[PDB]
Amino acid sequence: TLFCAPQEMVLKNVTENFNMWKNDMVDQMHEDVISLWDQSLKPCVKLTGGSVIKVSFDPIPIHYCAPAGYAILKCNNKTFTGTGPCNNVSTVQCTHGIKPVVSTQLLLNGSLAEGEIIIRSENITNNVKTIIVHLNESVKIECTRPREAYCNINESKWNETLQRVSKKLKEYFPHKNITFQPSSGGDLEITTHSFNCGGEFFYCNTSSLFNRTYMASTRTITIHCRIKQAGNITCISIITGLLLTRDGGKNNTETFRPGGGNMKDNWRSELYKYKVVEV
Amino acid sequence: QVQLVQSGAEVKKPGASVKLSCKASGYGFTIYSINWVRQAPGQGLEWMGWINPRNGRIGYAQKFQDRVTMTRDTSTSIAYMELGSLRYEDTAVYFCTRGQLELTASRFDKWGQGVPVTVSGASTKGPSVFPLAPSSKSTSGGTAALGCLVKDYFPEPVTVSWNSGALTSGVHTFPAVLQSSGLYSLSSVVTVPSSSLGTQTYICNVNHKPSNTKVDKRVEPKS
Amino acid sequence: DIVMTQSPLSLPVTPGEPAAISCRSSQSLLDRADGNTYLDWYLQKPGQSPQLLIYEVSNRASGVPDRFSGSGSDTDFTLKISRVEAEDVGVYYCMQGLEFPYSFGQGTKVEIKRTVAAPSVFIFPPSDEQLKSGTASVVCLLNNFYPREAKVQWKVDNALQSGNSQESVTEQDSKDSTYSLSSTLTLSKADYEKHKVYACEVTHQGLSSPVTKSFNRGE
Ligand SMILES: *[C@@H]1O[C@H](CO)[C@@H](O)[C@H](O)[C@H]1NC(C)=O
Ligand SMILES: *[C@@H]1O[C@H](CO)[C@@H](O)[C@H](O)[C@H]1NC(C)=O
Ligand SMILES: *[C@@H]1O[C@H](CO)[C@@H](O)[C@H](O)[C@H]1NC(C)=O
Ligand SMILES: *[C@@H]1O[C@H](CO)[C@@H](O)[C@H](O)[C@H]1NC(C)=O
Ligand SMILES: *[C@@H]1O[C@H](CO)[C@@H](O)[C@H](O)[C@H]1NC(C)=O
Ligand SMILES: *[C@@H]1O[C@H](CO)[C@@H](O)[C@H](O)[C@H]1NC(C)=O
Ligand SMILES: *[C@@H]1O[C@H](CO)[C@@H](O)[C@H](O)[C@H]1NC(C)=O
Ligand SMILES: *[C@@H]1O[C@H](CO)[C@@H](O)[C@H](O)[C@H]1NC(C)=O
Ligand SMILES: *[C@@H]1O[C@H](CO)[C@@H](O)[C@H](O)[C@H]1NC(C)=O
């Protein structure tokens, strides 16, 4: 176990291996957020028998700390891909604050890349594995209500973001055209950009956002959402990354689609720089 | 315990669609993937695509991309695969298989029994069972051969037995062959001693369930 | 597509002795983002669906006997059997599970090695009932032989035919470990009566000279 709730020390001349897809911490966070989700049950007190009885789901930066006998190592290389040996590594008592945001397609309120846009993956050949993209410059998205709702994005900032992401994806597939298409199918949770905002689940259609084909100012995009749990409701989130899934490689093109659904991908995007070891 | 049951056999005309089922049981359906793999007659294996039964995510093989739809019904642990615009080159046995999730969809540890899917413009025709007469000489002693020629039938299968199952050894029902006319044809033969001719009556039992044809031909020599 | 190349396509093995099958992929199967190598070995026994033998290069699937073993790295892989039992006969396919489409090897038919056994050849003329239908079919049976390689040439009035016959072979017999072939020459009734002699000439390793079994139409 790893206890969930400020000191750090660098380890001079130490090299320890990290594996993005084999991380006991990502397994831990997945179980802990599942446990907190399951608390949509009535609390209980006791007088004679089991007598059955704050909707503040709003995320707060939580931390994962090392219990006695265990330590947490952190990779200080800010371009670290997730898998392989890290040269610059330190012992930290607790991980940085992590807002446990459960969104699909777009990663909201996370940490930005240090430098350029980063594909957080040693290799993206495996089509089954989700591609975690980390953006260096954030993109605002205002979602509002008066059932149904809508979201707005700057447009010139969005189609610019996808252009810089397509150039950086083309580094992995040189001499290949990079295309984006909407989600190919499945449940509404994954086919749309879904997320929780003050007791409300949104399901925003992203077909207009992901329909670009890249060869080798005050305008906005408005996307419609379905709502399922005040008259007016609003969220002003910040897109910090994307979750993509690659189709089967065709002739001279590579198609990417917004992915999600696996809640472990959301925790991989933040915990890719940590590892639990024994003291 | 862990089973993957599949829907018998289907015959569809060219241009049509098929929807095959795959009933999962004995394990956590949403914690394992379902892949579909096909096999043309006498040919190898070809993967068609995968599905994540938890959230419905799919990934199809590029050659089947815009003509296949994989879906599931978690309320019954059934997994579907719909192949549209059928071509004659789609005539094959279609298997469903349990795979992994997250790291890969591979490691096909459990498999269904398959579903033959014939794609043709032929109509359900019964076989014409002609005899294969034992040679009037046939060494005039020792082993001799005789059989039946189950010809011009559609679709598969045809079941042949000898003397209502009494004659088992020395029998060989050959695999069928698809003729130019689009109709199947197979032979069944058995080697019995020459001593037994006349003394033992031989009958082949042909049963084509699709057309409800039941034929029992007596095979015998002539002069 | 990651082409998977198996070597050898045919493999007769004397039971009890060991066997090995190689698989070579055009690309590395090591998932560098994971550390795992996604290669499996499947066995398809006669008249049955496939089944998992080894997963991720060397791990045996549940129930798989210790006889079966996997090894290799990156692009070369080998499935090995220590004692080849009767149950092991089938087609073995290697398979990559890294990139779409997931691709298989062509298959390796493992069978029992047996002493050479020549075929007993039989020729059956078309029945009179079939000759009413206006189509004649002449069958040639090669009964119980080993190895499987055998050429059946159909001749009509000594003239060697081509493109008007169809063949089919049985799977290796469970007891004698031999095969049987059926070749059917199909002619129209009008062509069948324009010729008298009908023969099928079989060529096989066990036959010192190619055998011919013929009949004259009526005669
Ligand atoms: C940081 O990680 C990535 C891994 O792809 C790469 O830039 C390099 O290996 C590392 N850089 C440094 C400064 O160690
Ligand atoms: C490595 O980590 C140390 C921690 O003290 C930091 O000062 C340094 O900038 C990091 N990067 C390099 C390139 O050494
Ligand atoms: C942000 O990322 C883009 C795309 O990788 C890059 O062109 C740009 O220089 C980066 N911005 C800064 C401030 O470095
Ligand atoms: C939208 O993005 C552009 C850069 O792409 C930026 O200059 C502009 O200020 C943004 N729009 C608004 C309304 O601020
Ligand atoms: C800008 O974004 C819109 C959003 O749909 C897209 O249609 C357009 O192609 C993008 N690029 C330019 C240059 O307008
Ligand atoms: C998304 O919107 C498009 C039209 O813009 C529509 O064709 C599609 O059905 C919608 N998908 C969902 C999941 O609502
Ligand atoms: C993508 O845009 C093109 C037009 O530019 C259109 O043909 C296509 O249907 C759009 N939507 C999807 C789901 O591909
Ligand atoms: C993202 O952050 C804003 C505040 O910065 C918050 O109001 C919003 O609810 C968060 N988004 C989600 C999906 O919780
Ligand atoms: C990714 O892994 C594949 C494995 O087949 C390898 O061939 C390829 O070189 C790797 N990609 C990069 C950019 O190293």
# chains A, B, ... in the order shown; residues from 1 in each chain; ligands from 1
$ select_by_dssp --residues "segment 15-188 of chain B" --states "strand (DSSP E or B)" --output "NGL selection string"
:B and (18-20 or 22-25 or 33-39 or 46-51 or 58-60 or 68-73 or 78-83 or 92-99 or 110-111 or 115-119 or 125 or 128-132 or 143-154 or 159-162 or 167 or 171-173 or 177-178 or 184-188)
$ write_last_selection --atoms "C-alpha atoms" --output "tab-separated table (two decimals), in the first residue's frame"
chain	number	residue	atom	x	y	z
B	18	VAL	CA	-23.76	-11.26	-41.52
B	19	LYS	CA	-23.97	-10.67	-37.80
B	20	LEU	CA	-22.24	-13.46	-35.84
B	22	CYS	CA	-20.16	-15.15	-29.44
B	23	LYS	CA	-21.65	-15.97	-25.98
B	24	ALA	CA	-19.00	-15.64	-23.23
B	25	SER	CA	-19.32	-17.34	-19.80
B	33	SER	CA	-11.06	-8.56	-25.02
B	34	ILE	CA	-12.90	-10.37	-27.87
B	35	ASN	CA	-11.05	-10.75	-31.19
B	36	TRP	CA	-12.42	-12.27	-34.41
B	37	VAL	CA	-10.13	-14.42	-36.64
B	38	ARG	CA	-11.26	-16.11	-39.90
B	39	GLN	CA	-10.01	-19.08	-41.96
B	46	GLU	CA	-6.46	-13.88	-40.59
B	47	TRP	CA	-7.23	-11.47	-37.68
B	48	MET	CA	-10.24	-9.13	-38.31
B	49	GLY	CA	-10.25	-6.87	-35.24
B	50	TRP	CA	-10.76	-6.46	-31.46
B	51	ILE	CA	-13.24	-4.93	-28.95
B	58	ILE	CA	-12.76	-1.19	-31.28
B	59	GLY	CA	-9.79	-1.65	-33.61
B	60	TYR	CA	-10.26	-3.28	-37.04
B	68	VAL	CA	-17.01	-4.49	-40.27
B	69	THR	CA	-18.74	-3.49	-37.03
B	70	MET	CA	-17.89	-5.07	-33.67
B	71	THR	CA	-20.27	-4.38	-30.75
B	72	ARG	CA	-21.27	-6.17	-27.50
B	73	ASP	CA	-24.19	-6.57	-25.09
B	78	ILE	CA	-22.62	-11.69	-26.04
B	79	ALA	CA	-20.10	-10.23	-28.56
B	80	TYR	CA	-21.09	-9.40	-32.16
B	81	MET	CA	-19.21	-8.87	-35.45
B	82	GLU	CA	-21.01	-7.61	-38.56
B	83	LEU	CA	-19.32	-8.01	-41.95
B	92	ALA	CA	-14.55	-18.87	-44.40
B	93	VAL	CA	-14.98	-20.22	-40.78
B	94	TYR	CA	-15.21	-17.23	-38.34
B	95	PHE	CA	-13.87	-17.73	-34.81
B	96	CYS	CA	-14.13	-15.43	-31.79
B	97	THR	CA	-11.44	-15.52	-29.11
B	98	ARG	CA	-10.62	-14.12	-25.69
B	99	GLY	CA	-7.66	-11.74	-25.56
B	110	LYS	CA	-9.91	-19.24	-25.20
B	111	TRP	CA	-11.59	-19.87	-28.60
B	115	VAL	CA	-19.12	-20.50	-37.69
B	116	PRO	CA	-18.93	-21.46	-41.42
B	117	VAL	CA	-20.13	-18.57	-43.57
B	118	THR	CA	-20.64	-19.54	-47.22
B	119	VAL	CA	-21.06	-16.59	-49.66
B	125	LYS	CA	-29.84	-28.18	-53.77
B	128	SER	CA	-27.33	-36.90	-56.38
B	129	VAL	CA	-25.69	-40.04	-54.97
B	130	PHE	CA	-24.23	-42.28	-57.71
B	131	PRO	CA	-22.42	-45.61	-56.97
B	132	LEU	CA	-18.72	-46.46	-57.45
B	143	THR	CA	-8.95	-56.42	-50.70
B	144	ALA	CA	-11.33	-54.60	-53.13
B	145	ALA	CA	-12.72	-51.02	-53.19
B	146	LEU	CA	-16.26	-49.57	-53.56
B	147	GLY	CA	-17.96	-46.29	-52.67
B	148	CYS	CA	-20.40	-43.49	-53.44
B	149	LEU	CA	-20.17	-40.25	-55.38
B	150	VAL	CA	-22.20	-37.59	-53.58
B	151	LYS	CA	-22.50	-34.97	-56.39
B	152	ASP	CA	-23.91	-31.46	-57.06
B	153	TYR	CA	-25.15	-30.17	-53.66
B	154	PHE	CA	-25.25	-26.80	-51.95
B	159	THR	CA	-22.69	-36.65	-43.72
B	160	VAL	CA	-21.85	-40.11	-45.12
B	161	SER	CA	-21.80	-43.35	-43.11
B	162	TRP	CA	-21.70	-47.08	-44.10
B	167	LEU	CA	-18.97	-50.50	-41.22
B	171	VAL	CA	-13.88	-46.10	-44.76
B	172	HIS	CA	-12.66	-42.69	-46.04
B	173	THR	CA	-15.14	-39.83	-46.65
B	177	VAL	CA	-14.61	-29.84	-53.69
B	178	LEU	CA	-16.31	-26.71	-55.00
B	184	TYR	CA	-19.99	-29.19	-53.92
B	185	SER	CA	-19.13	-32.85	-54.56
B	186	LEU	CA	-17.43	-35.53	-52.43
B	187	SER	CA	-16.64	-39.24	-52.58
B	188	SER	CA	-16.76	-41.84	-49.84
$ closest_atom_pairs --of "chain A" --to "ligand 9" --cutoff "9 Å" --atoms "only C-alpha atoms and all ligand atoms" --output "Markdown table"
| residue | atom | partner | partner_atom_place_in_ligand_line | distance |
| --- | --- | --- | --- | --- |
| A:122 | CA | ligand 9 | 12 (C) | 7.8 |
| A:123 | CA | ligand 9 | 1 (C) | 4.9 |
| A:124 | CA | ligand 9 | 1 (C) | 6.7 |
| A:125 | CA | ligand 9 | 1 (C) | 5.5 |
| A:126 | CA | ligand 9 | 2 (O) | 8.0 |
| A:171 | CA | ligand 9 | 13 (C) | 8.4 |
| A:172 | CA | ligand 9 | 13 (C) | 5.7 |
| A:173 | CA | ligand 9 | 13 (C) | 7.9 |
$ residues_near_ligand --ligand "ligand 4" --cutoff "9 Å" --atoms "only C-alpha atoms and all ligand atoms" --output "ChimeraX atom specification"
/A:139,153-161,217-220
$ write_last_selection --atoms "N, CA and C atoms" --output "mmCIF file, in the first residue's frame"
data_model
loop_
_atom_site.group_PDB
_atom_site.id
_atom_site.type_symbol
_atom_site.label_atom_id
_atom_site.label_comp_id
_atom_site.auth_asym_id
_atom_site.auth_seq_id
_atom_site.Cartn_x
_atom_site.Cartn_y
_atom_site.Cartn_z
ATOM 1 N N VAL A 139 -5.060 25.216 -23.552
ATOM 2 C CA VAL A 139 -6.182 25.653 -24.388
ATOM 3 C C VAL A 139 -7.427 25.717 -23.499
ATOM 4 N N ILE A 153 -14.227 26.828 -27.615
ATOM 5 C CA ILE A 153 -12.765 26.764 -27.713
ATOM 6 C C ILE A 153 -12.330 27.852 -28.711
ATOM 7 N N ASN A 154 -11.146 28.450 -28.519
ATOM 8 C CA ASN A 154 -10.664 29.565 -29.341
ATOM 9 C C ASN A 154 -10.509 29.315 -30.886
ATOM 10 N N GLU A 155 -10.597 28.085 -31.405
ATOM 11 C CA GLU A 155 -10.492 27.805 -32.859
ATOM 12 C C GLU A 155 -9.076 28.017 -33.413
ATOM 13 N N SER A 156 -8.594 29.261 -33.529
ATOM 14 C CA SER A 156 -7.240 29.521 -34.024
ATOM 15 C C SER A 156 -6.197 28.879 -33.103
ATOM 16 N N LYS A 157 -6.479 28.784 -31.779
ATOM 17 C CA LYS A 157 -5.576 28.115 -30.834
ATOM 18 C C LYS A 157 -5.731 26.575 -30.986
ATOM 19 N N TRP A 158 -6.965 26.076 -31.194
ATOM 20 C CA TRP A 158 -7.195 24.646 -31.373
ATOM 21 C C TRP A 158 -6.533 24.092 -32.647
ATOM 22 N N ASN A 159 -6.921 24.593 -33.834
ATOM 23 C CA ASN A 159 -6.360 24.087 -35.088
ATOM 24 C C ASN A 159 -4.803 24.325 -35.155
ATOM 25 N N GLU A 160 -4.254 25.252 -34.328
ATOM 26 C CA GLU A 160 -2.806 25.485 -34.197
ATOM 27 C C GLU A 160 -2.212 24.345 -33.356
ATOM 28 N N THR A 161 -2.879 24.012 -32.233
ATOM 29 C CA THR A 161 -2.472 22.927 -31.332
ATOM 30 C C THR A 161 -2.376 21.606 -32.096
ATOM 31 N N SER A 217 -9.301 35.175 -34.967
ATOM 32 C CA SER A 217 -8.678 35.669 -33.735
ATOM 33 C C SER A 217 -9.679 35.575 -32.577
ATOM 34 N N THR A 218 -10.872 36.168 -32.740
ATOM 35 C CA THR A 218 -11.953 36.097 -31.742
ATOM 36 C C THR A 218 -12.936 34.922 -32.059
ATOM 37 N N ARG A 219 -12.710 34.165 -33.166
ATOM 38 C CA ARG A 219 -13.562 33.047 -33.573
ATOM 39 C C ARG A 219 -13.454 31.868 -32.619
ATOM 40 N N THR A 220 -14.556 31.128 -32.455
ATOM 41 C CA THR A 220 -14.625 29.987 -31.555
ATOM 42 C C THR A 220 -15.353 28.800 -32.176
#
$ atom_distance --atom1 "atom CA of residue 5 of chain C" --atom2 "atom CA of residue 23 of chain C"
5.5 Å
$ residues_near_ligand --ligand "ligand 6" --cutoff "12 Å" --atoms "only C-alpha atoms and all ligand atoms" --output "number ranges by chain"
A: 148, 181-194, 202-211, 221-226
